[PDB]
Amino acid sequence: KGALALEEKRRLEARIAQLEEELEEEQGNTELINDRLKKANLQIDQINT
Amino acid sequence: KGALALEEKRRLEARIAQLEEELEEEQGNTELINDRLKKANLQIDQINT
Amino acid sequence: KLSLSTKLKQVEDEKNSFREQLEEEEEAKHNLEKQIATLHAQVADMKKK
Amino acid sequence: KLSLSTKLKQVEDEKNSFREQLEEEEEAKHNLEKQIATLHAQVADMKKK
Amino acid sequence: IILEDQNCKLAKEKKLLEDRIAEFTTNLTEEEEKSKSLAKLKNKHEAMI
Amino acid sequence: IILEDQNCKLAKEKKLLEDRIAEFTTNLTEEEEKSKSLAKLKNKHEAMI
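Protein chains in written order, with our numbering: chain A, 1 to 49; chain B, 50 to 98; chain C, 99 to 147; chain D, 148 to 196; chain E, 197 to 245; chain F, 246 to 294.
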């Protein structure tokens, strides 16, 4: 049963890698969404002027 | 080894848990940046018209 | 507790049965030993007679 | 359970030790019966003689 | 004899303790992620505010 | 000594599991306290946001 903790901990490591992988995937998606915000924010300051 | 194996999960549990907050940052950005676009798009659409 | 109590009672009943059986066997040798003394005395008496 | 466990093994020794006496008592009875048969036969043999 | 009863009792307790630990340790993983995820959720409102 | 050695090492497991189960159970509830505490505080940000 004690070894199961290592297996469970090792299995949790796979989810940890997915968390880091999702962060990279989300970072690119968040950066893409941020680009639209920059263009939209610039329009709120450029079109308004 | 058994006691250390169970304690090893606590180390990864805090990392896997603390990593959730890091992943939530990108997750929240998809909801915060997108939410800001709705408020910006609403003003940009009104300014365009 | 029930297994130990039942096993203890079962072993106690078996030991108790041996006590009653031992009394019959212990007393059986007495009648046999007394018969040997009486038979040997009669054999010796009959032999001398 | 400690008293029952100790008594369980204790009663087992008594039932086993007493059981050994049954074999000795039974064997002693058979030995006495064998001598009784020879003594009884000698009595009848000496009586008829 | 006393050690046998004590060792047998500790054996069953150790087996049940390890089994019950998994029932509670498993919930800690979900609570750890939920608790940590909720922490970043509060920061999302602060950043959005 | 051999029997006591096993019981000595096995006794630590029952004591460690009994002592670890108390900490493991409290650790799982610790996330609920932090999550509930952060959730309550996060509710104020939600009402303000």
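By construction, the Cβ of each residue, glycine as well, lies at the ideal position given by its N, Cα and C atoms.
Three-state secondary structure (DSSP) of residue i
i: residue 1 (chain A); result: coil
i: residue 104 (chain C); result: helix
i: residue 246 (chain F); result: coil
i: residue 99 (chain C); result: coil
i: residue 98 (chain B); result: coil
i: residue 232 (chain E); result: helix
i: residue 147 (chain C); result: coil
i: residue 65 (chain B); result: helix
i: residue 294 (chain F); result: coil
Beta-carbon proximity check, residue i vs residue j, cutoff 8 Å
i: residue 210 (chain E); j: residue 262 (chain F); result: yes
i: residue 83 (chain B); j: residue 33 (chain A); result: yes
i: residue 106 (chain C); j: residue 154 (chain D); result: yes
i: residue 145 (chain C); j: residue 193 (chain D); result: yes
i: residue 3 (chain A); j: residue 54 (chain B); result: yes
i: residue 269 (chain F); j: residue 221 (chain E); result: yes
i: residue 30 (chain A); j: residue 75 (chain B); result: yes
i: residue 186 (chain D); j: residue 138 (chain C); result: yes
i: residue 58 (chain B); j: residue 9 (chain A); result: yes
i: residue 255 (chain F); j: residue 206 (chain E); result: yes
i: residue 165 (chain D); j: residue 147 (chain C); result: no
i: residue 228 (chain E); j: residue 56 (chain B); result: no
i: residue 86 (chain B); j: residue 37 (chain A); result: yes
i: residue 124 (chain C); j: residue 172 (chain D); result: yes
i: residue 265 (chain F); j: residue 198 (chain E); result: no
i: residue 283 (chain F); j: residue 235 (chain E); result: yes
i: residue 179 (chain D); j: residue 103 (chain C); result: no
i: residue 110 (chain C); j: residue 158 (chain D); result: yes
i: residue 298 (chain F); j: residue 203 (chain E); result: Only positions 246 to 294 of chain F appear in this structure, which leaves residue 298 (chain F) out of reach.
Contact list for residue i against chain B, beta-carbon separation under 7 Å
i: residue 235 (chain E); result: 70
i: residue 30 (chain A); result: 75, 78, 79 and 82
Under 8 Å by beta carbon: chain E residues contacting residue i
i: residue 287 (chain F); result: 234, 237, 238 and 241
i: residue 52 (chain B); result: Neighbours of residue 52 (chain B) on chain E: none; closest Cβ ~11 Å, over 8 Å.
i: residue 148 (chain D); result: 201 and 205
Chain-ordered chain F contacts of residue i [CB-CB under 9 Å]
i: residue 245 (chain E); result: 290, 293 and 294
7 Å Cβ cut-off: residues of chain A touching residue i
i: residue 63 (chain B); result: Near residue 63 (chain B) there are no residues of chain A at all, since even the closest Cβ is about 11 Å away, more than 7 Å.
Chain E contact residues for residue i, given Cβ-Cβ distances below 7 Å
i: residue 254 (chain F); result: None at all; the shortest Cβ gap to chain E is about 10 Å.
i: residue 67 (chain B); result: 232
Cross-chain neighbours of residue i in chain B, by beta carbon under 8 Å
i: residue 46 (chain A); result: By Cβ distance, chain B contributes nothing, its closest Cβ being about 10 Å from residue 46 (chain A), past 8 Å.
Cβ-based neighbour list, residue i, same chain, cut-off 8 Å, excluding 5 preceding and 5 following
i: residue 142 (chain C); result: none
i: residue 250 (chain F); result: none
Under 9 Å from the C-beta of residue i: neighbouring residues of chain E
i: residue 58 (chain B); result: 221, 224 and 225
Under 8 Å by beta carbon: chain A residues contacting residue i
i: residue 91 (chain B); result: Neighbours of residue 91 (chain B) on chain A: none; closest Cβ ~10 Å, over 8 Å.
Chain F residues whose Cβ lies nearer than 7 Å to that of residue i
i: residue 86 (chain B); result: Result: empty, since nearest Cβ-Cβ is about 17 Å, beyond 7 Å.
Residues of its chain near residue i, where Cβ-Cβ distance is below 6 Å and the 5 sequence neighbours each way are ignored
i: residue 273 (chain F); result: none
Using Cβ-Cβ distances below 7 Å, what residues of the region 210-228 of chain E are close to chain F?
-> Correct list: 210, 213, 214, 216, 217, 220, 221, 223, 224, 227 and 228.
Below 8 Å between beta carbons is the criterion; list the residues of the region 173-193 of chain D that meet it against any residue of chain E, in chain order.
-> Those would be none; no residue qualifies.
Residues of the region 154-170 of chain D whose Cβ lies closer than 7 Å to any Cβ of chain E, in chain order = Within the region 154-170 of chain D, the residues whose Cβ lies closer than 7 Å to some Cβ of chain E are 156, listed in chain order.
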